[PDB]
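Since the structure comes first, as structure tokens, the remarks are kept for the end.
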Amino acid sequence: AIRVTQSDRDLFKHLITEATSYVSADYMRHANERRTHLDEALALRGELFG
Amino acid sequence: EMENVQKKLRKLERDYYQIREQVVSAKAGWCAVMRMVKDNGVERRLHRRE
Amino acid sequence: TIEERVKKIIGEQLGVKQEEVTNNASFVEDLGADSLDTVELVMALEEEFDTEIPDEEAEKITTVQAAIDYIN
Amino acid sequence: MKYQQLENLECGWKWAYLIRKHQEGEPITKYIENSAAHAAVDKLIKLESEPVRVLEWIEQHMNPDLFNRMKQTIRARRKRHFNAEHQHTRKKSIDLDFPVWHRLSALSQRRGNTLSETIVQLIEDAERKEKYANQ
Amino acid sequence: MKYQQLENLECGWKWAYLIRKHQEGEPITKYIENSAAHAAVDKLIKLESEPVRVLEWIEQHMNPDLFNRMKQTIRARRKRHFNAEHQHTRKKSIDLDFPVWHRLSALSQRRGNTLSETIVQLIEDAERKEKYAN
DNA sequence: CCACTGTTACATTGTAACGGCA
DNA sequence: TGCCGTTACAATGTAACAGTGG
Ligand SMILES: *P(=O)(O)OCC(C)(C)[C@@H](O)C(=O)NCCC(=O)NCCS
């Protein structure tokens with residue numbers, strides 16, 4: 001029972017931590033580049049109008 | 001001469017269109033993702049501000 | 001149609017429910033869209049109908065009814 | 001170096017390339033003996049979930065022919081994967097009839113520019129005519 | 001009907017296509033139970049070198065949803081096979097940067113022409129402009 | 001020099017959508 | 001309608017050229 005429960009706990013911990021690490025990194029990236037692209041686009045729009 | 005200038009204007013217009021479409025697509029994808037993570041995995045687990 | 005393409009754009013650019021987005025639903029208070037969110041909503045509205053809007057006349061739009069009124 | 005090299009991605013690409021080549025029937029192995037080739041392929045198959053060891057399997061049993069094609073294919077795949085992020089960096093594939101393509105390629109080779117550049121110049125002349133018509 | 005259909009060729013095409021799809025993981029057969037699907041796939045595998053029986057195999061075990069895709073794939077294969085004989089009937093494939101393609105497709109949709117026709121007309125106009133200047 | 005990378009111009013196969021025609 | 005040609009793509013693989021730095 002001890003062996004099984006320890007294996008289950010280790011598997012859960014590793015899976016959860018690695019999935020969060022894999023996903024949140026790219027999510028934050030996409031957010032940062034989205035902000036940057038919006039900032040870039042505003043100036044072009046302003047110049048274009050005049 | 002005015003048409004020569006409008007050529008640069010159209011170039012800038014194409015650039016602005018490209019940037020705007022990119023930003024709009026990014027925003028739409030972000031909104032779709034947020035609506036797909038209504039399972040409550042986003043509040044802190046996905047949004048690791050660190 | 002335009003009057004439902006507007007809802008398609010608003011819902012998929014703010015993520016709010018189609019039921020939530022009525023004609024009088026204001027973006028900031030009802031739909032919750034803040035500064036950048038409203039900016040992206042107006043940009044998407046521009047893209048959908050391949051038109052352009054003045055800065056002041058665009059910022060004047062702050063509701064679904066106003067959005068359609070300027071679109072149609 | 002313009003594109004970041006990611007080891008755990010390029011390794012998976014390489015493994016998939018090897019497996020695809022094998023199942024197509026080509027001799028990825030450098031072994032002429034059937035038994036050693038089969039054993040090496042089986043080990044490669046076991047290496048599915050361990051892309052890191054795939055580099056070593058390459059250095060031990062990969063056919064000497066395939067270095068150039070390998071280094072070409074993974075390079076192109078990297079370029080395409082990084083360009084696919086944004087539309088404005090993507091590429092569009094189109095098909096052209098032989099007479100049309102012949103004329104276009106002759107014109108491009110005349111002007112010493114790529115096909116996209118020649119099309120840009122051509123469409124720009126047409127749009128200049130349209131612009132002066134509009135004014 | 002423009003291209004004559006040859007059984008010993010199109011049947012080999014169909015066999016190769018189905019084997020490729022099976023190797024790719026596509027469910028070739030209509031049997032959800034794995035045993036029947038595997039048995040039918042083995043029948044197909046050992047069925048190589050046979051048009052008159054691969055056709056029957058298709059009629060009897062083929063997945064309903066793949067019929068249209070297989071039919072159009074064979075159509076394209078036939079057309080390409082017959083067109084690849086002569087240089088002038090062949091087709092040249094190129095890759096265009098997204099902005100250039102966007103503008104070209106805009107023009108083509110505007111004028112109702114195809115990409116080949118639109119580019120031909122534009123090149124002819126470019127030549128005409130050259131002659132005008134010259 | 002040499003190797004490794006980026007890019008263009010193809011090929012090859014597959015697919016969905018139109019439109020013609022029995 | 002269902003078949004049949006036809007177009008416009010997408011995905012991947014290669015050869016060839018041009019750059020870059022060790
Ligand atoms: P939100 O509170 O983040 O506000 C965003 C913004 C309204 C300031 C922004 O979208 C914006 O409009 N920036 C440009 C303002 C302007 O009129 N500048 C002149 C042309 S660059």
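Residue names in the structure tokens use chain letters A, B, ... in the order shown, residue numbers from 1 in each chain, and ligand numbers from 1 in the order shown.
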
List as a PyMOL selection string the protein and nucleic acid residues lying within 10 Å of ligand 1, with only C-alpha atoms (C1' of nucleotides) and all ligand atoms counted.
(chain A and resi 38-50) or (chain C and resi 34-40+55-56+59)

Quick one: which chain B residues come within 10 Å of chain D, and what is the nearest atom pair for each with the distance in Å to one decimal, counting only C-alpha atoms, rows ordered by chain and ascending number, as CSV?
residue,atom,partner,partner_atom,distance
B:2,CA,D:135,CA,8.2
B:3,CA,D:135,CA,6.4
B:4,CA,D:128,CA,9.2
B:6,CA,D:131,CA,8.7
B:7,CA,D:128,CA,8.2
B:15,CA,D:88,CA,9.7
B:18,CA,D:88,CA,7.0
B:19,CA,D:88,CA,8.8
B:21,CA,D:87,CA,9.0
B:22,CA,D:86,CA,7.0
B:25,CA,D:86,CA,9.7
B:26,CA,D:86,CA,9.6

Spatial neighbours of region 100-111 of chain E, 12 Å, only C-alpha atoms (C1' of nucleotides), chain gap at least 6 places, as a ChimeraX atom specification:
/B:14,18 /D:87-95,115-124,126-127,130 /E:94,117-122 /G:8-9

Counting only C-alpha atoms, give me one row per residue of chain B with an atom at most 12 Å from an atom of chain C, showing the shortest contact pair and its distance in Å to one decimal, sorted by chain then residue number, as a tab-separated table.
residue	atom	partner	partner_atom	distance
B:13	CA	C:52	CA	11.1
B:16	CA	C:43	CA	11.2
B:17	CA	C:47	CA	8.4
B:18	CA	C:47	CA	10.5
B:19	CA	C:43	CA	10.6
B:20	CA	C:43	CA	6.9
B:21	CA	C:47	CA	7.1
B:22	CA	C:44	CA	10.4
B:23	CA	C:40	CA	7.7
B:24	CA	C:44	CA	5.7
B:25	CA	C:44	CA	8.6
B:26	CA	C:13	CA	9.8
B:27	CA	C:13	CA	6.5
B:28	CA	C:13	CA	5.3
B:29	CA	C:13	CA	8.7
B:30	CA	C:13	CA	8.7
B:31	CA	C:15	CA	5.2
B:32	CA	C:15	CA	6.8
B:33	CA	C:15	CA	9.3
B:34	CA	C:15	CA	7.6
B:35	CA	C:15	CA	6.5
B:36	CA	C:15	CA	10.1
B:37	CA	C:15	CA	11.6
B:38	CA	C:15	CA	11.1

Please, what distance in Å, to one decimal, runs between CA of residue 34 (chain D) and CA of residue 47 (chain D)?
19.9 Å

Give me the residues of chain G that have any atom at most 9 Å from an atom of chain E; for each, the nearest atom pair and the distance in Å, rounded to one decimal. Use only C-alpha atoms (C1' of nucleotides), sort by chain and number, and format it as JSON lines.
{"residue": "G:3", "atom": "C1'", "partner": "E:1", "partner_atom": "CA", "distance": 8.9}
{"residue": "G:4", "atom": "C1'", "partner": "E:1", "partner_atom": "CA", "distance": 6.4}
{"residue": "G:5", "atom": "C1'", "partner": "E:2", "partner_atom": "CA", "distance": 7.6}
{"residue": "G:7", "atom": "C1'", "partner": "E:114", "partner_atom": "CA", "distance": 7.9}
{"residue": "G:8", "atom": "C1'", "partner": "E:115", "partner_atom": "CA", "distance": 8.9}

Output N, CA and C atoms (P, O5', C5', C4', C3', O3' and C1' of nucleotides) of each residue in that selection to a file, as a PDB file, in the first residue's frame.
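Listed below is the output, selection36.pdb:
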ATOM      1  P    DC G   3     -21.048   8.529 -57.710  1.00  0.00           P
ATOM      2  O5'  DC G   3     -20.246   8.954 -59.023  1.00  0.00           O
ATOM      3  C5'  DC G   3     -20.533   8.305 -60.252  1.00  0.00           C
ATOM      4  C4'  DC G   3     -20.030   9.111 -61.433  1.00  0.00           C
ATOM      5  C3'  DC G   3     -18.510   9.277 -61.493  1.00  0.00           C
ATOM      6  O3'  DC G   3     -18.031   8.958 -62.789  1.00  0.00           O
ATOM      7  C1'  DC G   3     -19.567  11.386 -61.660  1.00  0.00           C
ATOM      8  P    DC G   4     -16.455   8.874 -63.078  1.00  0.00           P
ATOM      9  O5'  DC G   4     -16.257   9.805 -64.362  1.00  0.00           O
ATOM     10  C5'  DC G   4     -17.090  10.940 -64.558  1.00  0.00           C
ATOM     11  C4'  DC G   4     -16.281  12.145 -65.000  1.00  0.00           C
ATOM     12  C3'  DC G   4     -14.784  12.081 -64.685  1.00  0.00           C
ATOM     13  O3'  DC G   4     -14.021  12.571 -65.779  1.00  0.00           O
ATOM     14  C1'  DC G   4     -15.732  13.989 -63.646  1.00  0.00           C
ATOM     15  P    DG G   5     -12.418  12.558 -65.706  1.00  0.00           P
ATOM     16  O5'  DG G   5     -12.036  14.104 -65.725  1.00  0.00           O
ATOM     17  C5'  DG G   5     -12.092  14.821 -66.944  1.00  0.00           C
ATOM     18  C4'  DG G   5     -12.279  16.302 -66.694  1.00  0.00           C
ATOM     19  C3'  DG G   5     -10.982  17.073 -66.436  1.00  0.00           C
ATOM     20  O3'  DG G   5     -10.837  18.137 -67.365  1.00  0.00           O
ATOM     21  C1'  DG G   5     -12.624  17.572 -64.777  1.00  0.00           C
ATOM     22  P    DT G   7      -7.483  24.169 -64.446  1.00  0.00           P
ATOM     23  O5'  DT G   7      -7.679  24.856 -63.021  1.00  0.00           O
ATOM     24  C5'  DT G   7      -8.661  25.867 -62.862  1.00  0.00           C
ATOM     25  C4'  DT G   7      -8.916  26.146 -61.397  1.00  0.00           C
ATOM     26  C3'  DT G   7      -7.693  26.647 -60.625  1.00  0.00           C
ATOM     27  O3'  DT G   7      -7.946  27.933 -60.088  1.00  0.00           O
ATOM     28  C1'  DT G   7      -8.826  24.894 -59.448  1.00  0.00           C
ATOM     29  P    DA G   8      -6.745  28.833 -59.517  1.00  0.00           P
ATOM     30  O5'  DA G   8      -6.736  28.523 -57.953  1.00  0.00           O
ATOM     31  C5'  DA G   8      -7.920  28.666 -57.188  1.00  0.00           C
ATOM     32  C4'  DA G   8      -7.680  28.224 -55.761  1.00  0.00           C
ATOM     33  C3'  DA G   8      -6.362  28.709 -55.155  1.00  0.00           C
ATOM     34  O3'  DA G   8      -6.555  29.089 -53.808  1.00  0.00           O
ATOM     35  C1'  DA G   8      -6.454  26.373 -55.029  1.00  0.00           C
TER      36       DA G   8
END

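Between CA of residue 12 (chain E) and CA of residue 48 (chain E) the interatomic distance comes to 8.2 Å.
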
Find the residues of chain E in contact range of chain F, meaning any atom within 8 Å when counting only C-alpha atoms (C1' of nucleotides), and list them as JSON, numbers by chain.
{"E": [69, 72, 73, 92, 93, 94, 95]}

Check every residue of chain A for an atom within 12 Å of chain D, counting only C-alpha atoms, and provide those that qualify as JSON, numbers by chain.
{"A": [30, 33, 34, 37]}

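You will find CA of residue 18 (chain A) at 15.5 Å from CA of residue 42 (chain B).
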